[PDB]
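J.: My structure is stored as protein15.pdb, with PDB, C-alpha atoms (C1' of nucleotides).
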ATOM      1  CA  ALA A 246     395.526  49.544 -92.500  1.00  0.00           C
ATOM      2  CA  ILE A 247     399.247  48.752 -92.311  1.00  0.00           C
ATOM      3  CA  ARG A 248     398.524  45.789 -90.041  1.00  0.00           C
ATOM      4  CA  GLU A 249     395.820  44.706 -92.501  1.00  0.00           C
ATOM      5  CA  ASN A 250     397.616  44.866 -95.882  1.00  0.00           C
ATOM      6  CA  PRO A 251     401.397  45.092 -95.360  1.00  0.00           C
ATOM      7  CA  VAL A 252     402.416  43.530 -98.687  1.00  0.00           C
ATOM      8  CA  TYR A 253     404.244  45.659-101.259  1.00  0.00           C
ATOM      9  CA  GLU A 254     403.346  45.589-104.954  1.00  0.00           C
ATOM     10  CA  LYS A 255     406.017  46.815-107.348  1.00  0.00           C
ATOM     11  CA  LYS A 256     405.355  49.544-109.864  1.00  0.00           C
ATOM     12  CA  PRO A 257     405.091  47.996-113.349  1.00  0.00           C
ATOM     13  CA  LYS A 258     408.135  48.381-115.578  1.00  0.00           C
ATOM     14  CA  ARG A 259     407.790  50.971-118.340  1.00  0.00           C
ATOM     15  CA  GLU A 260     408.983  51.113-121.936  1.00  0.00           C
ATOM     16  CA  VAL A 261     412.068  53.215-122.674  1.00  0.00           C
ATOM     17  CA  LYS A 262     412.739  55.352-125.745  1.00  0.00           C
ATOM     18  CA  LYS A 263     416.485  55.283-124.937  1.00  0.00           C
ATOM     19  CA  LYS A 264     417.326  58.990-124.939  1.00  0.00           C
ATOM     20  CA  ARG A 265     420.730  59.882-123.510  1.00  0.00           C
ATOM     21  CA  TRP A 266     420.731  62.950-121.270  1.00  0.00           C
ATOM     22  CA  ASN A 267     424.470  63.162-120.526  1.00  0.00           C
ATOM     23  CA  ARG A 268     427.460  63.593-122.836  1.00  0.00           C
ATOM     24  CA  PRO A 269     429.486  60.575-124.010  1.00  0.00           C
ATOM     25  CA  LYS A 270     433.224  60.622-123.407  1.00  0.00           C
ATOM     26  CA  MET A 271     435.301  62.241-126.150  1.00  0.00           C
ATOM     27  CA  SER A 272     437.569  59.988-128.198  1.00  0.00           C
ATOM     28  CA  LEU A 273     441.342  59.950-128.583  1.00  0.00           C
ATOM     29  CA  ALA A 274     441.470  61.152-132.188  1.00  0.00           C
ATOM     30  CA  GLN A 275     438.797  63.734-131.385  1.00  0.00           C
ATOM     31  CA  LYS A 276     440.834  65.368-128.627  1.00  0.00           C
ATOM     32  CA  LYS A 277     444.104  65.046-130.566  1.00  0.00           C
ATOM     33  CA  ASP A 278     442.595  66.878-133.527  1.00  0.00           C
ATOM     34  CA  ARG A 279     441.083  69.423-131.144  1.00  0.00           C
ATOM     35  CA  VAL A 280     444.603  70.176-129.894  1.00  0.00           C
ATOM     36  CA  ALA A 281     445.837  70.309-133.492  1.00  0.00           C
ATOM     37  CA  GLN A 282     443.105  72.801-134.416  1.00  0.00           C
ATOM     38  CA  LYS A 283     443.938  74.942-131.388  1.00  0.00           C
ATOM     39  CA  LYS A 284     447.616  75.036-132.365  1.00  0.00           C
ATOM     40  CA  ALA A 285     446.789  75.872-135.985  1.00  0.00           C
ATOM     41  CA  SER A 286     444.400  78.657-134.963  1.00  0.00           C
ATOM     42  CA  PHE A 287     446.879  80.175-132.512  1.00  0.00           C
ATOM     43  CA  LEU A 288     449.666  80.142-135.100  1.00  0.00           C
ATOM     44  CA  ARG A 289     447.302  81.639-137.693  1.00  0.00           C
ATOM     45  CA  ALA A 290     446.418  84.475-135.322  1.00  0.00           C
ATOM     46  CA  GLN A 291     450.093  85.005-134.478  1.00  0.00           C
ATOM     47  CA  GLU A 292     450.963  85.310-138.171  1.00  0.00           C
ATOM     48  CA  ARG A 293     447.946  87.557-138.807  1.00  0.00           C
TER      49      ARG A 293
ATOM     50  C1'   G B   1     469.110 -31.119-157.902  1.00  0.00           C
ATOM     51  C1'   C B   2     463.639 -33.282-157.706  1.00  0.00           C
ATOM     52  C1'   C B   3     456.925 -30.090-157.521  1.00  0.00           C
ATOM     53  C1'   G B   4     453.571 -25.969-156.158  1.00  0.00           C
ATOM     54  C1'   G B   5     452.371 -20.613-153.421  1.00  0.00           C
ATOM     55  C1'   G B   6     453.160 -15.621-152.213  1.00  0.00           C
ATOM     56  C1'   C B   7     455.814 -11.084-152.591  1.00  0.00           C
ATOM     57  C1'   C B   8     459.073  -7.400-154.644  1.00  0.00           C
ATOM     58  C1'   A B   9     461.745  -6.301-159.215  1.00  0.00           C
ATOM     59  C1'   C B  10     459.468  -5.338-166.148  1.00  0.00           C
ATOM     60  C1'   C B  11     455.696  -2.909-168.412  1.00  0.00           C
ATOM     61  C1'   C B  12     451.211  -0.716-167.801  1.00  0.00           C
ATOM     62  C1'   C B  13     446.003   1.204-164.760  1.00  0.00           C
ATOM     63  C1'   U B  14     443.589   2.286-160.388  1.00  0.00           C
ATOM     64  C1'   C B  15     441.954   3.109-154.253  1.00  0.00           C
ATOM     65  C1'   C B  16     442.777   5.297-149.415  1.00  0.00           C
ATOM     66  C1'   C B  17     445.879   7.823-145.925  1.00  0.00           C
ATOM     67  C1'   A B  18     450.315  10.983-144.386  1.00  0.00           C
ATOM     68  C1'   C B  19     453.667  14.865-145.543  1.00  0.00           C
ATOM     69  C1'   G B  20     455.416  19.438-148.458  1.00  0.00           C
ATOM     70  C1'   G B  21     454.382  22.870-152.645  1.00  0.00           C
ATOM     71  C1'   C B  22     451.124  25.593-156.197  1.00  0.00           C
ATOM     72  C1'   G B  23     446.176  27.503-157.843  1.00  0.00           C
ATOM     73  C1'   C B  24     440.598  28.114-156.954  1.00  0.00           C
ATOM     74  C1'   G B  25     436.230  28.672-153.631  1.00  0.00           C
ATOM     75  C1'   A B  26     433.197  29.249-148.703  1.00  0.00           C
ATOM     76  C1'   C B  27     433.078  31.365-143.409  1.00  0.00           C
ATOM     77  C1'   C B  28     436.071  35.198-140.132  1.00  0.00           C
ATOM     78  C1'   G B  29     438.879  40.255-137.968  1.00  0.00           C
ATOM     79  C1'   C B  30     441.848  44.521-139.442  1.00  0.00           C
ATOM     80  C1'   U B  31     441.957  48.797-143.248  1.00  0.00           C
ATOM     81  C1'   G B  32     439.783  53.630-148.170  1.00  0.00           C
ATOM     82  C1'   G B  33     434.999  55.909-150.305  1.00  0.00           C
ATOM     83  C1'   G B  34     429.387  57.019-150.532  1.00  0.00           C
ATOM     84  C1'   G B  35     424.383  57.579-148.329  1.00  0.00           C
ATOM     85  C1'   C B  36     421.691  58.314-143.311  1.00  0.00           C
ATOM     86  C1'   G B  37     420.701  60.198-137.667  1.00  0.00           C
ATOM     87  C1'   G B  38     423.039  62.742-134.209  1.00  0.00           C
ATOM     88  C1'   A B  39     427.098  64.468-131.005  1.00  0.00           C
ATOM     89  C1'   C B  40     431.460  67.365-130.710  1.00  0.00           C
ATOM     90  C1'   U B  41     435.739  70.706-131.917  1.00  0.00           C
ATOM     91  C1'   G B  42     438.553  75.400-134.046  1.00  0.00           C
ATOM     92  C1'   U B  43     440.087  83.591-131.872  1.00  0.00           C
ATOM     93  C1'   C B  44     439.146  81.520-141.292  1.00  0.00           C
ATOM     94  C1'   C B  45     433.415  78.805-142.875  1.00  0.00           C
ATOM     95  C1'   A B  46     436.676  73.910-141.990  1.00  0.00           C
ATOM     96  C1'   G B  47     437.276  69.438-139.313  1.00  0.00           C
ATOM     97  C1'   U B  48     436.514  64.666-135.606  1.00  0.00           C
ATOM     98  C1'   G B  49     434.744  60.240-133.723  1.00  0.00           C
ATOM     99  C1'   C B  50     430.081  57.598-133.139  1.00  0.00           C
ATOM    100  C1'   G B  51     425.408  53.651-134.668  1.00  0.00           C
ATOM    101  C1'   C B  52     423.154  51.597-139.507  1.00  0.00           C
ATOM    102  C1'   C B  53     423.320  50.548-144.669  1.00  0.00           C
ATOM    103  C1'   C B  54     426.092  50.337-149.401  1.00  0.00           C
ATOM    104  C1'   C B  55     430.270  48.759-149.714  1.00  0.00           C
ATOM    105  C1'   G B  56     434.046  48.576-155.091  1.00  0.00           C
ATOM    106  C1'   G B  57     439.237  46.694-153.194  1.00  0.00           C
ATOM    107  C1'   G B  58     443.643  45.033-149.840  1.00  0.00           C
ATOM    108  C1'   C B  59     445.767  41.756-145.835  1.00  0.00           C
ATOM    109  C1'   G B  60     447.292  37.158-144.033  1.00  0.00           C
ATOM    110  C1'   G B  61     446.389  33.436-140.906  1.00  0.00           C
ATOM    111  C1'   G B  62     442.524  29.373-138.527  1.00  0.00           C
ATOM    112  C1'   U B  63     439.069  25.447-140.600  1.00  0.00           C
ATOM    113  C1'   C B  64     436.545  23.114-144.632  1.00  0.00           C
ATOM    114  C1'   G B  65     436.192  21.401-150.048  1.00  0.00           C
ATOM    115  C1'   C B  66     438.373  21.117-155.007  1.00  0.00           C
ATOM    116  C1'   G B  67     442.527  20.124-158.986  1.00  0.00           C
ATOM    117  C1'   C B  68     447.661  19.267-160.058  1.00  0.00           C
ATOM    118  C1'   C B  69     452.640  18.237-158.651  1.00  0.00           C
ATOM    119  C1'   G B  70     456.667  15.398-155.606  1.00  0.00           C
ATOM    120  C1'   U B  71     457.672  10.588-151.982  1.00  0.00           C
ATOM    121  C1'   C B  72     463.991   4.245-153.624  1.00  0.00           C
ATOM    122  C1'   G B  73     456.319   7.231-148.244  1.00  0.00           C
ATOM    123  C1'   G B  74     452.446   3.921-145.371  1.00  0.00           C
ATOM    124  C1'   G B  75     448.435   0.423-145.966  1.00  0.00           C
ATOM    125  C1'   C B  76     451.846  -8.116-144.962  1.00  0.00           C
ATOM    126  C1'   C B  77     454.799  -2.583-150.723  1.00  0.00           C
ATOM    127  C1'   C B  78     445.668  -1.751-151.234  1.00  0.00           C
ATOM    128  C1'   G B  79     444.023  -3.840-155.628  1.00  0.00           C
ATOM    129  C1'   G B  80     443.804  -5.208-161.739  1.00  0.00           C
ATOM    130  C1'   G B  81     446.548  -7.448-166.256  1.00  0.00           C
TER     131        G B  81
END
Take the structure in the file and write it out as structure tokens.

T.:
Amino acid sequence: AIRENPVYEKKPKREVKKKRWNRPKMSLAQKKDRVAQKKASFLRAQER
RNA sequence: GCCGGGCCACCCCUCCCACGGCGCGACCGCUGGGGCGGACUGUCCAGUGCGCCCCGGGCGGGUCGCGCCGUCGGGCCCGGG
């Protein structure tokens, strides 16, 4: 059979609904305000 | 000294181009709010970007058009009396 029909036929391309499965990289302001929130929370607990 | 032409000087009108200034309009990026979908953060319920739409405003520069101002401006110092 291989010697008879050796050609390869590609699988047809399929439509995509464009769903991301990973996590996008966090942004500069996002991480800066995360650090700010952490500092505020720690100081709040220290006062409390 | 012998007869004509043209030009700039009078006085007035009008074209184009160049330069500088002022004001208006069209296209741009950057920046404060609202609506939507979601993703994330914080040892108080609070907050942060993201993609779309609405954007009411600001910013100046790059180009274009418009109007005015100024030039012992340039067009044989355009042309008309």

J.: So which residues touch stretch 261-272 of chain A within 10 Å, counting only C-alpha atoms (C1' of nucleotides), skipping near sequence neighbours fewer than 6 positions away, as a list in words?

T.: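 Contacts, with the query itself left out: residues 39, 40, 48, 49 and 50 of chain B.
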
J.: Residue B:20: which residues within 12 Å, counting only C-alpha atoms (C1' of nucleotides), same-chain residues fewer than 3 positions away excluded, as number ranges by chain?

T.: B: 69-71

J.: State, in Å with one decimal place, the distance from atom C1' of residue B:81 to atom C1' of residue B:11.

T.: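 Distance reported for this atom pair: 10.4 Å.
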
J.: Evaluate the PyMOL selection byres ((chain A) within 6 of (chain B)) on the structure here and hand back the selected residues as a VMD selection string.

T.: chain A and resid 275 279 282

J.: Can you tell me how far atom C1' of residue B:76 sits from atom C1' of residue B:3, in Å to one decimal?

T.: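 These atoms are spaced 25.8 Å apart.
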
J.: Would you mind reading off the distance between atom CA of residue A:276 and atom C1' of residue B:30, one decimal, in Å?

T.: 23.5 Å

J.: What residues come out when you apply the PyMOL selection byres ((chain B and resi 55) around 10) to this file, written as a PyMOL selection string?

T.: chain B and resi 33-34+53-54+56-57

J.: I need the chosen residues saved as a PDB file, in the coordinates of the input, with C-alpha atoms (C1' of nucleotides).

T.:
ATOM      1  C1'   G B  33     434.999  55.909-150.305  1.00  0.00           C
ATOM      2  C1'   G B  34     429.387  57.019-150.532  1.00  0.00           C
ATOM      3  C1'   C B  53     423.320  50.548-144.669  1.00  0.00           C
ATOM      4  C1'   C B  54     426.092  50.337-149.401  1.00  0.00           C
ATOM      5  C1'   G B  56     434.046  48.576-155.091  1.00  0.00           C
ATOM      6  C1'   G B  57     439.237  46.694-153.194  1.00  0.00           C
TER       7        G B  57
END

J.: Need to verify the contact set: residue B:68, 12 Å, only C-alpha atoms (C1' of nucleotides), exclusion of same-chain residues closer than 3 positions in sequence. Can you return it as a list in words?

T.: residues 21, 22, 23 and 24 of chain B

J.: Given the PyMOL selection byres ((chain B and resi 75) around 8) and the file above, list the residues it selects as JSON, numbers by chain.

T.: {"B": [17, 74, 78]}
